[PDB]
Amino acid sequence: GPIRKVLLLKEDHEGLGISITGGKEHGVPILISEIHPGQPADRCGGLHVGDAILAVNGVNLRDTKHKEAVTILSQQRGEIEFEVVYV
Amino acid sequence: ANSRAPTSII
């Protein structure tokens, strides 16, 4: 589908509210496999199970290993911009 | 996709 840019608002006591799978070492993108009900990703409205996360706050995640992506994603705070695509 | 990739809750 089309590449989309999606804004998420996270409070400091929260995680993102997603499960991710994938990673470069597995030959697949960082993929959203779950969205937790009521947590920030659900609340933002624009993220869906099956979305690939291409970038977060301008950091490319297309070529990142799984644990690299975890570190990068978990570092982001507050108003967080995602670039995503549903294939 | 790849079922062999791990999953992290974040």
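The rules behind these values
Each chain carries its own residue count, running from 1 in the order of its written sequence; this scheme can depart from the entry numbering, and residues that have no coordinates do not appear. All chains are assigned letters beginning with A, and all ligands numbers beginning with 1, in the order in which they are written. Derived side-chain values reflect all non-hydrogen atoms in the structure, with water molecules and hydrogen atoms excluded from consideration. When checking whether two residues touch, look at their non-hydrogen atoms; a contact exists if any pair is within 4.5 Å. For any pair of parts, buried area is found by adding up, for both, the accessible area (1.4 Å probe) each one loses once the two are put together. Two N or O atoms form a polar contact when they lie within 3.5 Å of each other; inside protein one atom must be a possible hydrogen donor and the other a possible acceptor, and for residues adjacent in sequence the pair counts only when both atoms belong to side chains. For the purposes of this entry, the term helix denotes a DSSP run of H or I that reaches at least four residues, the term strand denotes a run of E that reaches at least two, and both are numbered from the N terminus. Three classes are used, and their members are as follows: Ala, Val, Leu, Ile, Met, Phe, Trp, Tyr, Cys and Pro are nonpolar, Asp, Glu, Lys and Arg are charged, and the others, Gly among them, are polar. One bridge is not enough; two strands pair if DSSP finds at least two bridges between them.

What the deposited record gives as its method is X-ray crystallography, and the resolution it gives is 1.14 Å.

Caption draft 1: View of the interface of chain A and chain B. In this assembly, 16 residues from chain A lie in contact with nine residues from chain B. Across the interface of chain A and chain B, roughly 940 Å² is buried in total on both sides, 60% from carbon and sulfur atoms. The interface formed by chain A and chain B holds seven residue pairs in polar contact in total. Listed by contribution, the elements that provide at least two residues to the side of chain A that touches chain B are β2 (18-23), β3 (28-35) and α2 (66-75) of chain A. Residue composition of the side of chain A that touches chain B, by class: seven nonpolar, nine polar and no charged. Here β2 of chain A pairs with strand β1 (residues 7-9) of chain B via three bridges, running antiparallel. Directly across from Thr21 of chain A, in β1 of chain B, lies its bridge partner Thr7 of chain B.

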